[PDB]
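A.B. asks: pasting the sequence and an experimental structure:
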Amino acid sequence: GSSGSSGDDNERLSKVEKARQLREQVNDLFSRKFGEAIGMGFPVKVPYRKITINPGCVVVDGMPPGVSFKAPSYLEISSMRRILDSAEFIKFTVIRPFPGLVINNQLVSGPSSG
């Protein structure tokens, strides 16, 4: 709990490491949860934008009080935490899929064997 700067070093990070990670947790969190809204057995991309401009397509519930849903890039550390605190509460309703969206199956990757 001391003032410092960011850089390549956990010792320096601290406040960043917390955010960096959180960002991942939140992101994945939504991605994962979202899957349910798509009955997907994996975390899918969460178009916060679309949901923003209009949830109609994909909705988001469980959100905490006095907290707005959005990408973890804008959300703050504390912000993320909350969401996480309600990770179990988080929810996503797919009223209507996007014009091109896809469900079921898996994307195309290529880590090694693929």
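C.D. replies: Here it is on my side, so go on. Numbers count the residues shown, from 1 in each chain.
A.B. asks: give me the number of residues near residue 107?
C.D. replies: By other CB atoms under 10 Å, the residues close to residue 107 number 8. All C-beta atoms are positioned from the backbone trio N, CA, C, and that covers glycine.
A.B. asks: how about residue 32?
C.D. replies: 17.
A.B. asks: that one and residue 69: what is the separation?
C.D. replies: Going from residue 32 to residue 69 by CB to CB, to the nearest Å gives 15 Å.
A.B. asks: next, residue 58: phi, psi?
C.D. replies: phi -110, psi 130 (degrees, to the nearest 10).
A.B. asks: that should have said residue 97, apologies.
C.D. replies: Main-chain torsions, residue 97, degrees, to the nearest 10: phi -80, psi 160.
A.B. asks: so what's it up against?
C.D. replies: For residue 97, the contacting residues are 57, 103, by CB atoms under 8 Å, 6 or more residues apart in numbering.
A.B. asks: verify the contact between residue 13 and residue 20 for me.
C.D. replies: Yes. The criterion here is CB atoms under 8 Å, and residue 13 meets it with residue 20 at 7.4 Å.
A.B. asks: which one's more surrounded, those two?
C.D. replies: Using other CB under 10 Å as the criterion, residue 13 and residue 20 rank with residue 13 on top: 17 against 14.
A.B. asks: which residues sit in contact with the more buried one?
C.D. replies: 6-7, 20.
A.B. asks: now with 7 Å?
C.D. replies: Counting by CB atoms under 7 Å, 6 or more residues apart in numbering, residue 13 touches residue 6.
A.B. asks: that one in helix, strand or coil?
C.D. replies: Put simply, residue 13 is coil when judged by DSSP: H, G, I helix; E, B strand; the rest coil.
A.B. asks: quick one: it and residue 81, what's the gap?
C.D. replies: In terms of CB to CB, residue 13 sits 17 Å off from residue 81.
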